[PDB]
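Peer 1: start17.txt is reproduced below (compact mmCIF, C-alpha atoms and all ligand atoms).
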```txt
# COMPACT_ATOMS: atom_id res chain seq x y z
CA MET A 1 -20.17 -21.79 0.31
CA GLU A 2 -23.62 -22.60 1.67
CA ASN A 3 -21.76 -22.15 4.96
CA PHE A 4 -21.88 -18.35 4.93
CA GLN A 5 -24.33 -15.58 5.73
CA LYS A 6 -23.63 -12.28 4.00
CA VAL A 7 -23.95 -9.60 6.70
CA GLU A 8 -23.31 -6.47 4.63
CA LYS A 9 -21.15 -5.07 1.83
CA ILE A 10 -17.97 -3.78 3.47
CA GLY A 11 -16.47 -2.50 0.24
CA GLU A 12 -15.38 -3.35 -3.29
CA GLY A 13 -11.90 -4.77 -3.70
CA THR A 14 -10.03 -4.21 -6.93
CA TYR A 15 -10.71 -7.72 -8.24
CA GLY A 16 -14.20 -8.18 -6.79
CA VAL A 17 -16.71 -7.26 -4.09
CA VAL A 18 -16.07 -7.84 -0.35
CA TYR A 19 -18.75 -8.76 2.21
CA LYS A 20 -18.85 -9.33 5.96
CA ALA A 21 -20.14 -12.85 6.61
CA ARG A 22 -21.00 -15.13 9.48
CA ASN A 23 -19.70 -18.68 9.11
CA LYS A 24 -23.10 -20.42 9.36
CA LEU A 25 -21.43 -23.29 11.20
CA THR A 26 -18.54 -22.10 13.40
CA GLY A 27 -20.28 -18.74 13.85
CA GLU A 28 -17.00 -16.89 13.19
CA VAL A 29 -17.12 -13.47 11.54
CA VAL A 30 -15.04 -13.13 8.39
CA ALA A 31 -14.61 -11.11 5.19
CA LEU A 32 -15.58 -12.74 1.90
CA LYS A 33 -14.30 -11.60 -1.46
CA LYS A 34 -16.32 -12.66 -4.50
CA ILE A 35 -13.70 -12.94 -7.29
CA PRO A 45 -7.42 -19.10 -14.68
CA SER A 46 -5.66 -22.16 -13.20
CA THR A 47 -2.36 -20.29 -12.83
CA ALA A 48 -3.90 -17.77 -10.41
CA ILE A 49 -5.43 -20.69 -8.45
CA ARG A 50 -1.95 -21.95 -7.67
CA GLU A 51 -0.89 -18.32 -7.42
CA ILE A 52 -3.29 -17.49 -4.59
CA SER A 53 -2.71 -20.82 -2.88
CA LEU A 54 0.89 -19.70 -2.41
CA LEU A 55 -0.62 -16.79 -0.49
CA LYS A 56 -2.33 -19.11 2.01
CA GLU A 57 1.16 -19.89 3.30
CA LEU A 58 2.17 -16.24 3.43
CA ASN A 59 1.28 -15.55 7.05
CA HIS A 60 2.57 -12.69 9.14
CA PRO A 61 1.12 -10.52 11.95
CA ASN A 62 0.94 -7.64 9.47
CA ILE A 63 -0.69 -9.46 6.58
CA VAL A 64 -4.47 -9.98 6.62
CA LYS A 65 -4.96 -13.70 7.12
CA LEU A 66 -6.34 -15.58 4.11
CA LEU A 67 -8.32 -18.18 6.06
CA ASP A 68 -9.56 -20.12 3.08
CA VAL A 69 -10.13 -20.29 -0.67
CA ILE A 70 -13.33 -21.74 -2.08
CA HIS A 71 -13.32 -22.19 -5.87
CA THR A 72 -16.88 -22.91 -6.98
CA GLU A 73 -18.86 -22.83 -10.28
CA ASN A 74 -16.84 -20.10 -12.05
CA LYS A 75 -16.93 -17.99 -8.88
CA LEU A 76 -13.83 -17.70 -6.72
CA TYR A 77 -14.30 -16.81 -3.06
CA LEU A 78 -11.56 -15.65 -0.71
CA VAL A 79 -12.32 -15.91 3.00
CA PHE A 80 -10.31 -13.45 5.11
CA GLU A 81 -9.96 -12.51 8.75
CA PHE A 82 -12.26 -9.54 9.49
CA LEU A 83 -10.89 -6.11 10.40
CA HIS A 84 -13.47 -3.37 10.93
CA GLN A 85 -11.65 -0.33 9.58
CA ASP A 86 -9.24 0.51 6.75
CA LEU A 87 -6.66 3.33 6.77
CA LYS A 88 -8.45 5.58 4.28
CA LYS A 89 -11.51 5.75 6.52
CA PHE A 90 -9.31 6.39 9.57
CA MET A 91 -7.48 9.20 7.82
CA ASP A 92 -10.75 10.96 6.98
CA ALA A 93 -11.87 10.60 10.59
CA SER A 94 -8.63 12.24 11.80
CA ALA A 95 -8.39 14.73 8.97
CA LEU A 96 -9.13 17.60 11.34
CA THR A 97 -6.95 16.56 14.24
CA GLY A 98 -4.41 14.41 12.43
CA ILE A 99 -3.10 10.96 13.33
CA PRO A 100 -0.66 11.42 16.24
CA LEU A 101 2.94 11.05 15.09
CA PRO A 102 3.60 8.11 17.47
CA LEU A 103 0.73 6.30 15.72
CA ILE A 104 1.95 7.22 12.24
CA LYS A 105 5.37 5.81 13.21
CA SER A 106 3.97 2.54 14.57
CA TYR A 107 1.87 1.97 11.45
CA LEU A 108 4.76 2.65 9.05
CA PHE A 109 7.00 0.36 11.09
CA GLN A 110 4.46 -2.47 11.04
CA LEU A 111 3.81 -2.09 7.32
CA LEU A 112 7.56 -2.10 6.61
CA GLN A 113 7.77 -5.29 8.68
CA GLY A 114 4.94 -6.76 6.64
CA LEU A 115 6.55 -5.69 3.38
CA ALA A 116 9.98 -6.95 4.47
CA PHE A 117 8.41 -10.38 5.00
CA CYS A 118 6.68 -10.39 1.58
CA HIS A 119 9.75 -9.19 -0.26
CA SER A 120 12.02 -11.76 1.39
CA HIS A 121 9.67 -14.33 -0.12
CA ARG A 122 9.88 -12.79 -3.58
CA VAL A 123 6.30 -11.55 -3.17
CA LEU A 124 5.39 -7.94 -4.02
CA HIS A 125 2.15 -6.16 -3.19
CA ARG A 126 2.00 -3.96 -6.31
CA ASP A 127 -1.03 -1.96 -5.25
CA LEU A 128 -0.50 -0.45 -1.84
CA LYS A 129 -3.03 2.26 -0.90
CA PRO A 130 -4.75 3.45 2.33
CA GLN A 131 -7.88 1.50 1.34
CA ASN A 132 -6.05 -1.88 1.32
CA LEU A 133 -4.52 -1.38 4.77
CA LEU A 134 -6.64 -2.59 7.70
CA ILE A 135 -6.53 -1.62 11.36
CA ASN A 136 -7.93 -3.00 14.62
CA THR A 137 -8.52 -1.63 18.14
CA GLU A 138 -5.27 -3.24 19.32
CA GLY A 139 -3.20 -0.77 17.29
CA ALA A 140 -2.26 -3.20 14.52
CA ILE A 141 -2.16 -2.53 10.77
CA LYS A 142 -2.15 -5.14 7.98
CA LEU A 143 -1.71 -5.47 4.22
CA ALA A 144 -4.72 -6.57 2.21
CA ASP A 145 -5.64 -6.91 -1.47
CA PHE A 146 -2.41 -8.19 -3.03
CA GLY A 147 -2.38 -7.48 -6.78
CA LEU A 148 -1.71 -10.45 -9.11
CA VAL A 164 -8.25 2.67 -10.60
CA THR A 165 -6.25 5.07 -8.41
CA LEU A 166 -2.67 5.84 -9.48
CA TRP A 167 -1.70 8.10 -6.59
CA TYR A 168 0.67 5.47 -5.14
CA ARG A 169 2.08 4.08 -8.38
CA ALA A 170 5.88 4.05 -8.49
CA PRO A 171 7.49 5.97 -11.43
CA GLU A 172 9.19 2.96 -13.00
CA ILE A 173 5.77 1.32 -13.41
CA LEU A 174 4.39 4.52 -14.96
CA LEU A 175 7.34 4.65 -17.36
CA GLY A 176 6.70 1.19 -18.82
CA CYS A 177 8.95 -1.03 -16.70
CA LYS A 178 7.47 -4.51 -17.14
CA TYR A 179 9.77 -6.33 -14.69
CA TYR A 180 9.65 -3.88 -11.78
CA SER A 181 10.95 -4.71 -8.31
CA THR A 182 9.85 -4.87 -4.69
CA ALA A 183 10.92 -1.21 -4.62
CA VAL A 184 7.53 -0.22 -6.04
CA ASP A 185 6.04 -1.17 -2.67
CA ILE A 186 8.51 1.10 -0.88
CA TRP A 187 7.47 3.94 -3.18
CA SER A 188 3.79 3.40 -2.47
CA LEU A 189 4.40 3.24 1.27
CA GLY A 190 6.45 6.45 1.11
CA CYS A 191 3.43 8.14 -0.48
CA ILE A 192 1.09 6.87 2.24
CA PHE A 193 3.52 7.94 4.98
CA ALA A 194 3.58 11.49 3.58
CA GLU A 195 -0.23 11.47 3.36
CA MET A 196 -0.63 10.43 7.01
CA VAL A 197 1.62 13.31 8.01
CA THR A 198 0.09 16.05 5.84
CA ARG A 199 -3.49 14.76 5.57
CA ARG A 200 -3.33 15.38 1.84
CA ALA A 201 -2.42 12.88 -0.89
CA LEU A 202 1.15 13.47 -2.07
CA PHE A 203 0.67 13.05 -5.84
CA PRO A 204 -3.08 12.85 -6.60
CA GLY A 205 -2.83 12.16 -10.33
CA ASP A 206 -6.00 11.79 -12.41
CA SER A 207 -4.27 10.26 -15.43
CA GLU A 208 -1.12 8.35 -16.22
CA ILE A 209 0.67 11.45 -17.42
CA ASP A 210 -0.83 13.70 -14.73
CA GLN A 211 0.47 11.30 -12.08
CA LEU A 212 3.93 11.21 -13.64
CA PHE A 213 4.05 14.99 -14.05
CA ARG A 214 2.90 15.57 -10.50
CA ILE A 215 5.84 13.43 -9.34
CA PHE A 216 8.18 15.28 -11.69
CA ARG A 217 6.90 18.68 -10.54
CA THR A 218 7.89 17.86 -6.96
CA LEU A 219 10.92 15.58 -7.08
CA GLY A 220 12.20 17.14 -10.34
CA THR A 221 12.12 15.51 -13.78
CA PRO A 222 14.44 12.49 -13.61
CA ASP A 223 17.52 12.30 -15.80
CA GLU A 224 20.56 10.14 -16.34
CA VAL A 225 22.17 11.90 -13.37
CA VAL A 226 19.73 10.80 -10.64
CA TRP A 227 18.39 7.68 -12.40
CA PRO A 228 20.80 5.86 -14.80
CA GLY A 229 18.75 4.25 -17.57
CA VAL A 230 15.56 6.32 -17.19
CA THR A 231 15.76 7.78 -20.70
CA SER A 232 15.79 4.22 -22.04
CA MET A 233 12.53 3.32 -20.28
CA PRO A 234 9.69 2.33 -22.67
CA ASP A 235 7.40 5.31 -22.04
CA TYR A 236 10.03 7.92 -21.31
CA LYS A 237 10.11 10.80 -23.77
CA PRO A 238 12.76 13.52 -24.24
CA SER A 239 9.79 15.88 -24.64
CA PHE A 240 8.91 15.61 -20.92
CA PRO A 241 9.03 19.14 -19.48
CA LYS A 242 12.11 19.63 -17.29
CA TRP A 243 11.00 20.58 -13.78
CA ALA A 244 13.42 21.04 -10.88
CA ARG A 245 13.32 19.23 -7.54
CA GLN A 246 11.47 21.28 -4.92
CA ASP A 247 12.55 22.04 -1.37
CA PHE A 248 11.82 18.72 0.41
CA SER A 249 11.07 20.62 3.65
CA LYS A 250 8.10 21.98 1.71
CA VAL A 251 6.83 18.51 0.89
CA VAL A 252 5.93 17.09 4.31
CA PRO A 253 6.07 19.82 6.94
CA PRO A 254 6.36 19.78 9.88
CA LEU A 255 7.80 16.21 9.92
CA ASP A 256 11.15 16.04 11.76
CA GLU A 257 14.46 15.50 9.94
CA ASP A 258 14.57 11.81 10.83
CA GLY A 259 11.25 11.27 9.08
CA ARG A 260 12.04 13.57 6.16
CA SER A 261 15.35 11.74 5.77
CA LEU A 262 13.53 8.38 5.65
CA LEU A 263 10.82 9.55 3.24
CA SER A 264 13.37 11.02 0.81
CA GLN A 265 15.04 7.60 0.65
CA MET A 266 11.72 5.82 0.01
CA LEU A 267 10.99 8.25 -2.81
CA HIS A 268 14.31 7.88 -4.69
CA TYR A 269 13.74 7.71 -8.43
CA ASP A 270 16.30 4.92 -8.92
CA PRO A 271 14.64 1.66 -7.80
CA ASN A 272 18.05 0.24 -6.84
CA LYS A 273 18.92 3.30 -4.74
CA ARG A 274 15.53 3.24 -3.03
CA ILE A 275 15.66 2.06 0.56
CA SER A 276 14.61 -1.53 1.18
CA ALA A 277 11.95 -2.45 3.73
CA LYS A 278 14.44 -4.29 5.95
CA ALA A 279 16.97 -1.45 5.80
CA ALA A 280 14.21 1.11 6.44
CA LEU A 281 13.45 -0.63 9.73
CA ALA A 282 16.97 0.35 10.88
CA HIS A 283 16.58 4.09 10.24
CA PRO A 284 16.96 6.32 13.36
CA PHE A 285 13.32 7.38 12.87
CA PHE A 286 12.17 4.15 14.53
CA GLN A 287 14.60 4.64 17.39
CA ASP A 288 11.65 5.56 19.60
CA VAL A 289 8.87 3.66 17.84
CA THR A 290 6.09 2.43 20.16
CA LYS A 291 2.74 0.71 19.75
CA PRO A 292 -0.05 3.13 20.71
CA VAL A 293 -3.67 2.11 20.16
CA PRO A 294 -6.04 4.09 17.93
CA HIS A 295 -9.45 5.47 18.93
CA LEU A 296 -11.83 3.86 16.42
CA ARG A 297 -15.57 4.40 16.14
CA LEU A 298 -16.67 0.87 15.14
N1 LIG A 301 -10.01 -4.08 -0.90
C1 LIG A 301 -10.04 -5.20 -0.20
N2 LIG A 301 -9.56 -6.38 -0.62
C2 LIG A 301 -9.77 -7.26 0.39
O1 LIG A 301 -9.46 -8.46 0.36
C3 LIG A 301 -10.43 -6.54 1.55
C4 LIG A 301 -10.81 -7.00 2.82
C5 LIG A 301 -10.55 -8.46 3.20
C6 LIG A 301 -9.77 -8.60 4.49
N3 LIG A 301 -10.61 -8.54 5.70
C7 LIG A 301 -11.50 -7.55 6.07
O2 LIG A 301 -12.15 -7.62 7.12
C8 LIG A 301 -11.70 -6.36 5.23
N4 LIG A 301 -12.19 -5.25 5.82
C9 LIG A 301 -12.29 -4.28 4.91
BR1 LIG A 301 -12.93 -2.61 5.40
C10 LIG A 301 -11.88 -4.71 3.68
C11 LIG A 301 -11.48 -6.06 3.85
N5 LIG A 301 -10.58 -5.25 1.03
```
Please express what this file holds, its structure, as structure tokens.
Peer 2:
Amino acid sequence: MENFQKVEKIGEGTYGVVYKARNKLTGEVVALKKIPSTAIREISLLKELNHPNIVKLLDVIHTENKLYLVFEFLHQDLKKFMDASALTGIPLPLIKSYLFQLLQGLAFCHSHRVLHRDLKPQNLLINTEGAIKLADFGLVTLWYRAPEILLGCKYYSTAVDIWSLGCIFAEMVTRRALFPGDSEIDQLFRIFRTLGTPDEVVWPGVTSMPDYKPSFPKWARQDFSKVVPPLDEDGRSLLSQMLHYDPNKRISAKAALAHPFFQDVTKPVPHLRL
């Protein structure tokens, strides 16, 4: 630990604060996160989870009741990049490359029985080479929370990550959060108001979910062409499948990678102001 120089606070992760540091010895620039014995094994399983689209966990330093996670340093996160392009908009070719990379990253996690659980623009990091990576794997914002989680599902699947990514995809396209809920019920009702209140017809077993209530107002599904205009039909087709109420009907990361939408995917480079 005495081997690091805090450079500046580059944010506050969900489980602790994150700083930019200079390895006092090797001089390398990294990201330090100031954070049970089960979670110590837990996060050591992460050290082996390496992929081009997953922020590298360089090291773990457990010391005097303080847990420190050393990560590879990426200057910008997606939330900050979306604000900076909020007037012009991220070019579609770039939106497509990012989604593709993230789906590749998710596909890798999910094939290893690892879920993210808390995907959001803030935990997605980008670099000048046009790459995007997943950061902050869960072990206050509900905008990207899948409906089965909101309805009390304790043993939810990897599909929750597809839901969250579908929400981020739609946000990159419209430059407005899809379902900006301010409460558990506001979030759920915002989803219901747009995709229609779920029932036994579209989601078998929903009415048996822990927090489901027959008293939920019954809204109808809205025109989907009104949800993410002016996204093309290939993209709208893919988003609709990522936003399916039924977690087992929801498109998988691997399968998503085979959708015609990525037929012309490329790897353009952003224009960051670091
Ligand atoms: N919420 C977050 N949980 C995290 O672990 C991070 C990191 C760590 C990965 N490496 C970096 O360089 C980072 N840059 C920025 Br910005 C944030 C982060 N954020």
Peer 1: Taking every listed atom of ligand LIG 301 (chain A) and adding 3 Å to each side, what centre and edge lengths in Å (one decimal) does the axis-aligned box have, as lines of an AutoDock Vina configuration file?
Peer 2:
```
center_x = -11.2
center_y = -5.6
center_z = 3.1
size_x = 9.5
size_y = 12.0
size_z = 14.0
```
Peer 1: Find the residue from A:22, A:126, A:274, A:291 that sits nearest to residue A:104; use only C-alpha atoms when measuring.
Peer 2: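 Closest candidate: A:291.
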Peer 1: So how far away is atom CA of residue A:108 from atom CA of residue A:80, in Å?
Peer 2: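 Going from atom CA of residue A:80 over to atom CA of residue A:108, I get 22.4 Å.
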Peer 1: What residues have any atom no more than 6 Å from ligand LIG 301 (chain A) when counting all atoms listed in the file, and can you list them as a PDB file with C-alpha atoms, in the coordinates of the input?
Peer 2:
```pdb
ATOM      1  CA  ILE A  10     -17.970  -3.780   3.470  1.00  0.00           C
ATOM      2  CA  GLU A  12     -15.380  -3.350  -3.290  1.00  0.00           C
ATOM      3  CA  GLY A  13     -11.900  -4.770  -3.700  1.00  0.00           C
ATOM      4  CA  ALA A  31     -14.610 -11.110   5.190  1.00  0.00           C
ATOM      5  CA  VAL A  64      -4.470  -9.980   6.620  1.00  0.00           C
ATOM      6  CA  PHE A  80     -10.310 -13.450   5.110  1.00  0.00           C
ATOM      7  CA  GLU A  81      -9.960 -12.510   8.750  1.00  0.00           C
ATOM      8  CA  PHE A  82     -12.260  -9.540   9.490  1.00  0.00           C
ATOM      9  CA  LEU A  83     -10.890  -6.110  10.400  1.00  0.00           C
ATOM     10  CA  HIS A  84     -13.470  -3.370  10.930  1.00  0.00           C
ATOM     11  CA  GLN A  85     -11.650  -0.330   9.580  1.00  0.00           C
ATOM     12  CA  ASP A  86      -9.240   0.510   6.750  1.00  0.00           C
ATOM     13  CA  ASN A 132      -6.050  -1.880   1.320  1.00  0.00           C
ATOM     14  CA  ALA A 144      -4.720  -6.570   2.210  1.00  0.00           C
ATOM     15  CA  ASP A 145      -5.640  -6.910  -1.470  1.00  0.00           C
TER      16      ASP A 145
END
```
Peer 1: Any idea what the distance is between atom CA of residue A:234 and atom CA of residue A:179?
Peer 2: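 Result for atom CA of residue A:234 versus atom CA of residue A:179: 11.8 Å, one decimal.
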Peer 1: Please report the interatomic distance between atom CA of residue A:216 and atom CA of residue A:115 in Å with one decimal.
Peer 2: 25.9 Å
Peer 1: Using only C-alpha atoms, determine which residues lie at most 12 Å from residue A:283, disregarding the query and same-chain residues fewer than 4 positions distant; provide the list as a list in words.
Peer 2: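 Close residues of residue A:283: residues 105, 108, 109, 112, 257, 258, 259, 260, 261, 262, 263, 265, 266, 275, 276, 277, 278, 279, 287, 288 and 289 of chain A.
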Peer 1: Got a sec: who's within 12 Å of residue A:247, counting all atoms listed in the file, leaving out chain neighbours fewer than 4 positions off, as an MDAnalysis selection string?
Peer 2: chainID A and resid 217:220 251:253 260 264
Peer 1: For residue A:207, list every protein, DNA or RNA residue within 10 Å, evaluated using only C-alpha atoms, and leave out those in the same chain fewer than 6 positions away; present the list as a list in words.
Peer 2: residues 164, 165, 166, 167 and 213 of chain A
Peer 1: Go ahead and dump the residues you just picked, C-alpha atoms, as a PDB file, in the frame of the given file.
Peer 2:
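Contents of result_1.pdb, as written:
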```
ATOM      1  CA  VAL A 164      -8.250   2.670 -10.600  1.00  0.00           C
ATOM      2  CA  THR A 165      -6.250   5.070  -8.410  1.00  0.00           C
ATOM      3  CA  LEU A 166      -2.670   5.840  -9.480  1.00  0.00           C
ATOM      4  CA  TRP A 167      -1.700   8.100  -6.590  1.00  0.00           C
ATOM      5  CA  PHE A 213       4.050  14.990 -14.050  1.00  0.00           C
TER       6      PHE A 213
END
```
Peer 1: Point out the residue among A:57, A:67, A:186, A:11 with the least atom-to-atom distance to residue A:272, counting only C-alpha atoms.
Peer 2: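 Checking each candidate against residue A:272, we get A:186 as the closest.
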Peer 1: So which residues touch residue A:140 within 8 Å, counting all atoms listed in the file, skipping near sequence neighbours fewer than 5 positions away, as an NGL selection string?
Peer 2: :A and (62 or 107 or 110 or 135 or 293)
Peer 1: Given all atoms listed in the file as the basis, pick out the residue of A:32, A:99, A:184, A:69 nearest to residue A:197.
Peer 2: A:99
Peer 1: For residue A:113, which residue among A:244, A:255, A:194, A:63 is the nearest when counting all atoms listed in the file?
Peer 2: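 Of A:244, A:255, A:194, A:63, the one nearest residue A:113, counting all atoms listed in the file, is A:63.
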Peer 1: Considering all atoms listed in the file, can you say which of A:229, A:171, A:238, A:102 comes closest to residue A:209?
Peer 2: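 Smallest separation from residue A:209 among the options: A:171.
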